[PDB]
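Peer 1: Protein chains in written order, with the deposited numbering: chain A, 8 to 39, 44 to 557, 565 to 599, 614 to 687; chain B, 8 to 40, 44 to 557, 565 to 599, 615 to 687. Every residue, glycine too, gets a C-beta built ideally from N, C-alpha and C. Take a look at the following structure, please.
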Amino acid sequence: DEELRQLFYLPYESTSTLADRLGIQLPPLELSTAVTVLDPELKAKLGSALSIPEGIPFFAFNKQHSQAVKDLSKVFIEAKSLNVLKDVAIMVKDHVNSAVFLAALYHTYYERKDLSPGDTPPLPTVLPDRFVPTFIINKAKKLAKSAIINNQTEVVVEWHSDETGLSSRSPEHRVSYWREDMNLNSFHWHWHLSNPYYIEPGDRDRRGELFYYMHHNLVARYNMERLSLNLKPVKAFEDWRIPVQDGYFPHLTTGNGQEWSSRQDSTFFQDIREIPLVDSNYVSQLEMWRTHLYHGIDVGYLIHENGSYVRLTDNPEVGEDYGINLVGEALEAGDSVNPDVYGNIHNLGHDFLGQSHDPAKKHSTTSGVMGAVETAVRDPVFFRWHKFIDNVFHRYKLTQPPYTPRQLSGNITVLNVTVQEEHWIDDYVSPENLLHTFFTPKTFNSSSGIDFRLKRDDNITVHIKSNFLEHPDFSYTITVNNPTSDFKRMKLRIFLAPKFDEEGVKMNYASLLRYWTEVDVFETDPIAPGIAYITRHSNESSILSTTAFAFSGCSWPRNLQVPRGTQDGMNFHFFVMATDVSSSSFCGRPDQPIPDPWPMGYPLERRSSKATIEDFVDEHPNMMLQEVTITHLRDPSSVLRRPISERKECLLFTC
Amino acid sequence: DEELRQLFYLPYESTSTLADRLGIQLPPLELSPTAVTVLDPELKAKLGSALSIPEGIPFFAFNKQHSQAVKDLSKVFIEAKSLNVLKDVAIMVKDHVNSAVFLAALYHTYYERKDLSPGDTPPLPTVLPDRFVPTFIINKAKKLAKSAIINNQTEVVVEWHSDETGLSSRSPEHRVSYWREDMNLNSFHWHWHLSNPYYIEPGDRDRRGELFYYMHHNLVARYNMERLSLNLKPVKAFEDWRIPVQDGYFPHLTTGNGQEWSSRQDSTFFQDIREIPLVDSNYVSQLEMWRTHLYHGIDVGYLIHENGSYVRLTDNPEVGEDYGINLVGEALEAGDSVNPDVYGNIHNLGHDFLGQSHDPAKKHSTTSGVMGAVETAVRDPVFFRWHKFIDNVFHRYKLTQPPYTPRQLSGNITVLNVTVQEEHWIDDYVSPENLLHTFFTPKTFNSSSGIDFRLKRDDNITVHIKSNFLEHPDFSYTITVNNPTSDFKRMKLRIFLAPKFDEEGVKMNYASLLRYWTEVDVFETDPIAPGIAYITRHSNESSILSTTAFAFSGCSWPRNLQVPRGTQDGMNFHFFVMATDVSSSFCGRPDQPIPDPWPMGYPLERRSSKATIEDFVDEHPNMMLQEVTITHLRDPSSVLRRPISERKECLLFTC
Ligand SMILES: *[C@@H]1O[C@H](CO)[C@@H](O[C@@H]2O[C@H](CO)[C@@H](O)[C@H](O)[C@H]2NC(C)=O)[C@H](O)[C@H]1NC(C)=O
Ligand SMILES: *[C@@H]1O[C@H](CO)[C@@H](O[C@@H]2O[C@H](CO)[C@@H](O)[C@H](O)[C@H]2NC(C)=O)[C@H](O)[C@H]1NC(C)=O
Ligand SMILES: *[C@@H]1O[C@H](CO)[C@@H](O)[C@H](O)[C@H]1NC(C)=O
Ligand SMILES: *[C@@H]1O[C@H](CO)[C@@H](O)[C@H](O)[C@H]1NC(C)=O
Ligand SMILES: *[C@@H]1O[C@H](CO)[C@@H](O)[C@H](O)[C@H]1NC(C)=O
Ligand SMILES: *[C@@H]1O[C@H](CO)[C@@H](O)[C@H](O)[C@H]1NC(C)=O
Ligand SMILES: *[C@@H]1O[C@H](CO)[C@@H](O)[C@H](O)[C@H]1NC(C)=O
Ligand SMILES: *[C@@H]1O[C@H](CO)[C@@H](O)[C@H](O)[C@H]1NC(C)=O
Ligand SMILES: *[C@@H]1O[C@H](CO)[C@@H](O)[C@H](O)[C@H]1NC(C)=O
Ligand SMILES: *[C@@H]1O[C@H](CO)[C@@H](O)[C@H](O)[C@H]1NC(C)=O
Ligand SMILES: *[C@@H]1O[C@H](CO)[C@@H](O)[C@H](O)[C@H]1NC(C)=O
Ligand SMILES: *[C@@H]1O[C@H](CO)[C@@H](O)[C@H](O)[C@H]1NC(C)=O
Ligand code: CUO
Ligand code: CUO
Ligand SMILES: [Cl-]
Ligand SMILES: [Cl-]
Ligand SMILES: [Cl-]
Ligand SMILES: [Cl-]
Ligand SMILES: [Cl-]
Ligand SMILES: [Mg+2]
Ligand code: NA
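Written out as structure tokens, the structure reads:
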């Protein structure tokens with residue numbers, strides 16, 4: 008139902024206001044203004060859903076907030092039909108926190124089999140306040156008021172990065188376009204609502220490992236963006252007695268008029284003394300959880316709360332859990348084997364950072380953006396926290412034995428690899444193995460999210476325009492040989508990493524492990540004996556799902579599919595492996625197991641005796657190491673032939 | 008001109024919006040690159059730097075560029091040939107000037123023009139309610155307004171409590187937030203600085219540097235009395251600028267342009283302000299060297315003029331010589347300093363260092379904190395730490411002065427008796443002699459003169475804002491004196507208040523009390539006939555007051578804060594009375625000299641060989657030391673007779 012989709016709209020307005028605008032029939036009303048009557052029978056089913064007060068965000072990492080979303084979605088998910096779901100939504104909407112309501116709805120599309128996440132509205136069209144700076148939203152309300160007066164039905168407002176921080180004095184602001192990318196922040200929301208740590212254990216396959224894998228890829232790609240910008244790779248925030256050097260001022264205000272808290276430079280990670288105090292958590296508490304978890308990783312087993320020991324291995328027996336998954340569930344934490352011993356490090360860390368401006372709650376303040384999944388990626392400290400988290404996972408990966416020859420062997424030989432950018436501008440054909448990136452404006456209709464009307468009959472639409480990194484489509488072709496006498500199935504596994512570090516030194520195999528990111532991992536049609544060519548288009552990538567919002571549901575943003583690269587051209591490894599055998617691979621499918629038994633990111637998450645990626649690949653005929661150049665264009669038209677006039681004369685052959 | 012007063016209204020709206028609402032005839036209009047007044051080139055050429063301050067930021071009173079802009083705009087207003095022309099100029103420039111700069115210039119104009127009276131200016135909270143009322147409350151008002159209009163309701167009242175801006179149970183400084191955030195006190199601060207701006211043409215005020223000292227000394231002293239009433243320790247100067255400011259402050263204020271005031275976390279360093287542009291920066295060690303230079307001048311008894319000559323510092327001046335306290339004040343503020351290059355601009359810049367300490371290198375595109383503006387700075391607990399430092403500099407200077415000689419303290423009139431009596435305020439209770447009370451009472455004002463709450467033009471909506479204030483009953487005092495001479499004698503009575511005991515319960519000696527004395531009433535009497543006379547003064551006549566939520570207009574110590582809070586059990590205060598031989617006193621009069629040649633606060637700002645105030649007063653028949661008790665009532669009706677039936681028995685005589 009596009010009737011269902013309407014429930015996402017105008018989340019800060021009453022159900023009556025939404026219903027009036029949309030011609031939705033309402034259940035009985037009463038005065039709390045006009046508010047729906049909440050049937051006692053429905054209320055009895057709602058668990059803790061109503062316990063979260065209106066006027067604050069959904070704090071996804073907080074136990075009480077997550078339980079409320081889980082409790083509300085439970086009713087939505089268990090509704091006997093979509094018509095009944097629609098009725099329950101309409102009835103409860105006036106009585107639940109709006110962000111909790113929205114989170115529960117999105118989660119419901121992932122959990123219900125008769126709903127598709129691709130049919131949910133793009134998050135920025137629903138909660139534009141989460142992605143657009145305070146001053147721009149305020150400027151839009153102004154422009155709307157004037158437009159209505161002068162009988163203008165449309166207005167467009169826009170902004171630029173030059174307006175939320177000063178790059179010339181703040182190196183971290185150089186990558187704010189990427190951290191603040193509305194599609195990336197929405198992807199983060201989708202990931203956590205598709206794979207919430209509070210999910211009933213068993214209803215996901217390898218969710219702890221997927222937590223590791225998606226965030227590993229998120230951190231790796233961030234670093235590629237940093238290298239593209241002449242920044243040093245992100246440093247883990249691991250010594251928690253050192254103040255967080257780089258603060259962050261989000262410049263965001265919620266639809267309830269609540270401006271998000273900021274964090275000054277040089278703020279300490281401090282004990283959170285909650286209200287009530289008995290709900291508090293402490294830095295040395297998190298440190299001891301970390302100590303316990305490091306011990307378990309180092310000795311190769313966790314202790315179950317039931318007293319038994321659980322082996323950690325990424326070479327499991329049939330029916331045994333993967334060690335990476337067990338560590339992930341313990342670290343997030345989700346379905347931990349022992350909450351009392353290993354704790355809740357990653358989630359609470361978000362809340363410590365998000366409350367660090369007022370950790371003893373003396374000043375009656377809001378949380379910072381680290382406290383919410385749809386905003387946390389904006390903050391540079393997100394990536395310092397996740398580099399720490401990825402370090403824990405890599406610590407575990409290093410305890411695993413290298414893949415054996417048999418574990419890496421394959422029947423298919425990889426013979427060649429070529430990458431070709433598609434046509435994107437007249438009179439230019441990209442040389443082979445060269446990819447480009449550039450900035451392009453995108454515009455969306457914010458009136459689905461914010462009611463800009465002064466009075467009922469006003470006809471006003473506010474469009475919001477801003478710049479996004481983007482790239483032309485590209486394809487690649489893998490040439491393989493099947494030397495056997497029968498048809499062979501294979502999975503192609505393709506990963507990207509920069510060739511050089513920030514010092515210009517070639518990264519060895521060990522260092523590259525921290526960088527490999529998924530380009531495309533998929534099964535081919537059966538390969539006939541002999542030579543075959545397999546061609547994939549960038550829009551088909553395993554990391555994508557299926565107008566400012568190209569891909570819907572849970573998807574790595576298509577516009578951030580290619581790292582920025584540099585004006586001179588930046589060199590990347592393009593690793594290809596042929597191995598014997614519609615949702616984003618980063619997101620998984622709620623109702624299906626991970627098909628592939630190999631660990632996520634295989635084979636490039638384990639140590640090797642080989643010193644270089646070159647030496648590693650040379651050992652295996654089913655692996656090939658290709659190379660591409662990625663070039664950022666400040667002015668895309670620069671690729672065009674310039675006249676003989678205006679042509680530049682070079683001092684040293686090239687200029 | 009009540010048409011003049013209208014210019015203060017709806018400061019965030021266009022001139023067209025104001026004129027339309029008020030039926031003001033407009034000059035020619037045009038469309039800016044909406045309807046805006048045409049600004050005559052002839053007027054523009056007269057405006058100096060007034061137009062250089064962009065719309066959308068506050069007036070930053072301590073900043074030299076902002077103050078110059080207010081001075082430049084007010085100049086045109088003040089020099090206008092008539093009030094009709096003044097109104098014309100105001101109407102014409104309103105669309106083209108920063109609104110806070112506009113308002114400041116207008117208030118200053120009432121002080122500076124002889125045909126205008128500051129008492130006729132609107133109360134500041136009715137003009138800029140956003141400066142005094144929390145963000146959440148203004149936003150709640152907008153919501154209540156929208157609903158009211160829809161339901162044909164022409165009036166709405168919103169209110170709030172201190173429990174909503176900080177948590178007293180975890181933040182001792184919040185216990186005195188009611189006083190620091192008192193809207194009348196903050197308005198008084200605005201008035202003081204616009205009546206006595208440091209940028210005034212030198213000579214157009216008498217002893218302005220000394221008045222800067224004196225008003226702030228009284229402001230700090232009264233704050234300390236409020237702290238003692240609340241079982242808080244007296245305020246500590248912020249003097250070692252290497253130490254982070256322990257107590258932060260989150261103002262919870264948002265301007266009418268939607269710009270939320272910056273906050274300051276606990277434990278924030280006082281840091282170099284690297285301005286944009288960088289050449290406009292100032293540095294902590296720079297301020298420290300100005301301080302070193304000033305301490306030196308104070309200690310050796312002279313300042314060095316920028317012309318190379320030395321200027322003696324003395325509070326015993328020759329006729330025609332400046333007062334040392336005045337010279338120090340002008341150097342410290344700074345205002346008409348003898349040597350800007352040597353003594354600097356310590357006090358003003360310190361406000362800006364503190365106000366920008368959340369982002370001192372301007373990396374994060376942020377706004378200033380409340381310390382940057384005169385109408386908000388008093389809210390911040392650090393205001394009083396900064397002013398305790400400032401008062402310490404002034405006291406350092408006062409201590410270099412020789413004690414008053416017998417001749418300087420002698421008088422013809424003898425003080426025989428002193429009595430204080432609270433007026434009637436509740437039926438069936440008469441206050442015992444020498445007992446004063448305080449309690450909290452609500453006050454309400456109409457905010458619709460400041461904020462346009464209309465959705466569309468024809469809406470009839472008024473938003474009242476209600477909140478609690480400290481208050482006290484009227485009181486009077488009577489001084490019994492004797493004139494033992496043979497002719498009529500005129501005298502000035504000088505009455506000061508200070509607590510008797512410090513925070514440790516120890517009797518404060520003479521030296522300690524110097525830091526506490528605050529003006530109660532200083533005034534000249536009618537000539538006193540030979541023999542005995544009784545002089546009775548009502549509290550509403552006090553010299554510290556000027557002449565409905567806003568009792569006294571123009572520049573006045575708040576009547577509601579005239580009496581320190583006191584305690585539930587009753588707190589004891591010295592009430593010092595001196596008879597000396599011959615429009616708030618804190619504000620002075622713009623056009624007239626200080627009539628009294630004695631230093632402000634005489635004789636209780638100099639050292640004495642006498643150890644106690646008792647010993648000091650006993651030496652002089654024209655001085656008497658009285659004592660009063662001040663008792664705060666949580667519930668004012670508690671003073672009433674209770675039913676014999678309901679009285680509870682005490683274990684230890686009293687309970
Ligand atoms: C911008 O977005 C909103 C989507 O909510 C559109 O508003 C709808 O417009 C249709 C056609 O006028 C109305 O029938 C609906 O009642 C509107 N929905 C709501 C909730 O207001 C709007 O049309 C879009 N504007 C443009 C230019 O496409
Ligand atoms: C609240 O304050 C405003 C003063 O600004 C009053 O609004 C005026 O009301 C009169 C009478 O209706 C109008 O003619 C004026 O045009 C209004 N002025 C403005 C600027 O709107 C309002 O009346 C006050 N409300 C009460 C109850 O006193
Ligand atoms: C409002 O404006 C839109 C776009 O400007 C126009 O297409 C439409 O006819 C109007 N809608 C209504 C209901 O008046
Ligand atoms: C603890 O739980 C695990 C579940 O896998 C089980 O295998 C083990 O037997 C349990 N320990 C005991 C002694 O119950
Ligand atoms: C190749 O295919 C055979 C037959 O399916 C399979 O059993 C074996 O695992 C593969 N061998 C190699 C060389 O990896
Ligand atoms: C791979 O393909 C590229 C271009 O299509 C070509 O330069 C190269 O010769 C090929 N290598 C092999 C082994 O076919
Ligand atoms: C790839 O996706 C983008 C956005 O959806 C689209 O512009 C482009 O045409 C797509 N390419 C193809 C051939 O589908
Ligand atoms: C607005 O409402 C008030 C009462 O709240 C009323 O006195 C006044 O007449 C109204 N204004 C108009 C123009 O009707
Ligand atoms: C410097 O200024 C003072 C101010 O009174 C004046 O008396 C003195 O003559 C000046 N010094 C010189 C040398 O000009
Ligand atoms: C007392 O009055 C006389 C006459 O005016 C005056 O000279 C003297 O200064 C006054 N004060 C004292 C203490 O003598
Ligand atoms: C002062 O006045 C009070 C009350 O009016 C009286 O009781 C006391 O005796 C007086 N003292 C003198 C010295 O007159
Ligand atoms: C003193 O001022 C207050 C506030 O304006 C007023 O309520 C009281 O009546 C005044 N007292 C007298 C007697 O003027
Ligand atoms: O989890 Cu995805 O934000 Cu730390
Ligand atoms: O000066 Cu009155 O605010 Cu420091
Ligand atoms: Cl149901
Ligand atoms: Cl942008
Ligand atoms: Cl701590
Ligand atoms: Cl508590
Ligand atoms: Cl600069
Ligand atoms: Mg100090
Ligand atoms: Na909110």
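May I have a chain-ordered list of the alpha helix (DSSP H) segments no shorter than 4 residues that lie completely inside the stretch 147-215 of chain B?
Peer 2: Complete alpha helix (DSSP H) runs here, min 4: 187-190 and 193-205.
Peer 1: Report yes if the C-beta distance between A:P68 and A:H262 is below 7 Å; otherwise report no.
Peer 2: Working through the first sequence from its first residue, we reach residue 68 of chain A at position 57. Working through the first sequence from its first residue, we reach residue 262 of chain A at position 251. No, these two residues do not count as a Cβ contact at 7 Å.
Peer 1: In this structure, what does DSSP give as the bridge partners for B:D531?
Peer 2: Residue numbering aside, residue 531 of chain B sits at position 521 when the second sequence is read from its first letter. Per DSSP, B:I505.
Peer 1: Can you pull the chain B residues whose beta carbon is under 8 Å from the beta carbon of A:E270, in chain order?
Peer 2: Indexing the first sequence from 1 puts residue 270 of chain A at position 259. Result: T145, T264 and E270.
Peer 1: So which residues on chain A does B:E174 lean against when the C-beta distance must stay under 9 Å?
Peer 2: Looking up residue 174 of chain B in the second sequence gives position 164. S375, listed in chain order.
Peer 1: Between which two residues does the beta strand (DSSP E) holding B:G541 run?
Peer 2: Residue numbering aside, residue 541 of chain B sits at position 531 when the second sequence is read from its first letter. That run of the beta strand (DSSP E) goes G541 to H548.
Peer 1: Ligand 19 and B:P370: does the residue's C-beta get closer than 6 Å to at least one heavy atom of that ligand?
Peer 2: Position 360 of the second sequence, counting from 1, holds the residue named residue 370 of chain B. No, Cβ of B:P370 sits at least 6 Å from all heavy atoms of ligand 19.
Peer 1: Got a sec: does ligand 4 put a non-hydrogen atom nearer than 6 Å to the Cβ of A:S319?
Peer 2: To locate residue 319 of chain A, count along the first sequence from 1; it is residue 308. Yes.
Peer 1: What residues match up with B:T376 in a beta bridge as DSSP calls it?
Peer 2: Within the second sequence, the letter at position 366 stands for residue 376 of chain B. DSSP, once it has assigned bridges, lists no residue as partnering B:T376.
Peer 1: Would you check if there are 3 or more beta carbon pairs closer than 8 Å linking the stretch 478-495 of chain A to the stretch 421-430 of chain A?
Peer 2: Yes, the stretch 478-495 of chain A touches the stretch 421-430 of chain A.
Peer 1: Which one of A:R547, A:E659, A:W300 and A:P537 has the shortest CA to CA distance from A:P350?
Peer 2: Residue mapping note: residue 350 of chain A aligns to position 339 of the first sequence, counting from 1. Among A:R547, A:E659, A:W300 and A:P537, the Cα nearest to that of A:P350 is on A:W300.
Peer 1: So within the stretch 313-382 of chain A, which uninterrupted alpha helix (DSSP H) runs reach at least 4 residues, ignoring any that extend past its ends?
Peer 2: You should have 334-343, 350-353 and 356-365.
Peer 1: Going by beta-carbon coordinates alone, are B:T448 and B:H474 separated by less than 7 Å?
Peer 2: Here residue 448 of chain B is taken as the residue at index 438 of the second sequence, counted from 1. Here residue 474 of chain B is taken as the residue at index 464 of the second sequence, counted from 1. Cβ distance not < 7 Å, so B:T448 and B:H474 don't count as in contact.
Peer 1: What residue does the beta strand (DSSP E) around A:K476 start on, and which one ends it?
Peer 2: If you number the first sequence from 1, residue 476 of chain A lands on position 465. Residues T472 to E481.
Peer 1: Give me, in chain order, the residues of the same chain whose beta-carbon lies closer than 7 Å to that of A:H118; leave out the 5 immediate sequence neighbours on both sides.
Peer 2: Taking the first residue of the first sequence as position 1, residue 118 of chain A is located at position 107. Excluding residues within five positions, the ones whose Cβ falls inside 7 Å are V80, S84, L204 and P207.
Peer 1: Measure the Cβ-Cβ separation of A:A344 and A:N355 and say whether it is below 7 Å.
Peer 2: Here the question's residue 344 of chain A lines up with position 333 in the first sequence. Here the question's residue 355 of chain A lines up with position 344 in the first sequence. Result yes, Cβ atoms of A:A344 and A:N355 sit closer than 7 Å.
Peer 1: From the beta carbon of A:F260, is the nearest beta carbon of chain B less than 7 Å away?
Peer 2: Along the first sequence, read from residue 1 onward, the residue named residue 260 of chain A stands at position 249. True, the Cβ-Cβ gap to chain B drops below 7 Å.
Peer 1: From B:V95 to B:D401, what does the alpha carbon distance come to, in whole angstroms?
Peer 2: Residue numbering aside, residue 95 of chain B sits at position 85 when the second sequence is read from its first letter. Residue numbering aside, residue 401 of chain B sits at position 391 when the second sequence is read from its first letter. Using only the alpha carbons, I get a separation of about 43 Å.
Peer 1: Would you say B:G379 and B:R274 are within 7 Å of each other, going by their C-beta atoms?
Peer 2: Taking the first residue of the second sequence as 1, we reach residue 379 of chain B at position 369. Taking the first residue of the second sequence as 1, we reach residue 274 of chain B at position 264. In this structure, B:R274 lies closer than 7 Å to B:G379 by Cβ.
Peer 1: Against B:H368, what residues of chain A qualify as contacts under a CB-to-CB distance less than 7 Å, listed in chain order?
Peer 2: Along the second sequence, one-based indexing puts residue 368 of chain B at 358. Going along chain A in sequence order, the residues near B:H368 (Cβ under 7 Å) are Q275.
Peer 1: Please determine if the stretch 615-633 of chain A and the stretch 581-589 of chain A are in contact, where contact requires at least 3 C-beta pairs separated by less than 8 Å.
Peer 2: Result no; under three Cβ-Cβ pairs closer than 8 Å.
Peer 1: At 7 Å on the CB atoms, spell out the chain A contacts of B:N149, in chain order.
Peer 2: The residue given as residue 149 of chain B occupies position 139 in the second sequence. What B:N149 touches in chain A: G268.
Peer 1: Contact between the stretch 537-554 of chain A and the stretch 457-468 of chain A: three or more CB pairs below 8 Å?
Peer 2: No: fewer than three Cβ pairs fall under 8 Å.
Peer 1: List, in order along the chain, the chain A residues whose C-beta lies closer than 7 Å to that of B:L465?
Peer 2: Here the question's residue 465 of chain B lines up with position 455 in the second sequence. Neighbours of B:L465 on chain A, chain order: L465 and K466.
Peer 1: For A:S458 and chain B, any beta-carbon pair shorter than 7 Å?
Peer 2: Within the first sequence, numbered from 1, the residue matching residue 458 of chain A stands at position 447. So, not an interface residue.
Peer 1: Which residues mark the beginning and the end of the beta strand (DSSP E) in which B:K453 is found?
Peer 2: Residue mapping note: residue 453 of chain B aligns to position 443 of the second sequence, counting from 1. Residues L445 to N456.
Peer 1: Strictly by DSSP, which residues pair up with A:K517?
Peer 2: The residue given as residue 517 of chain A occupies position 506 in the first sequence. Per DSSP, A:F511.
Peer 1: What I want to know is whether the C-beta of A:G339 ends up closer than 6 Å to one or more non-hydrogen atoms of ligand 5.
Peer 2: Position 328 of the first sequence, counting from 1, holds the residue named residue 339 of chain A. Flag unset: Cβ of A:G339 not near ligand 5.
Peer 1: Contact check, B:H591 vs B:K510 under 8 Å by CB: the rounded distance?
Peer 2: Within the second sequence, residue 591 of chain B is the residue found at index 574, counting from 1. Within the second sequence, residue 510 of chain B is the residue found at index 500, counting from 1. Indeed, because the Cβ distance is near 6 Å, the residues count as touching under 8 Å.
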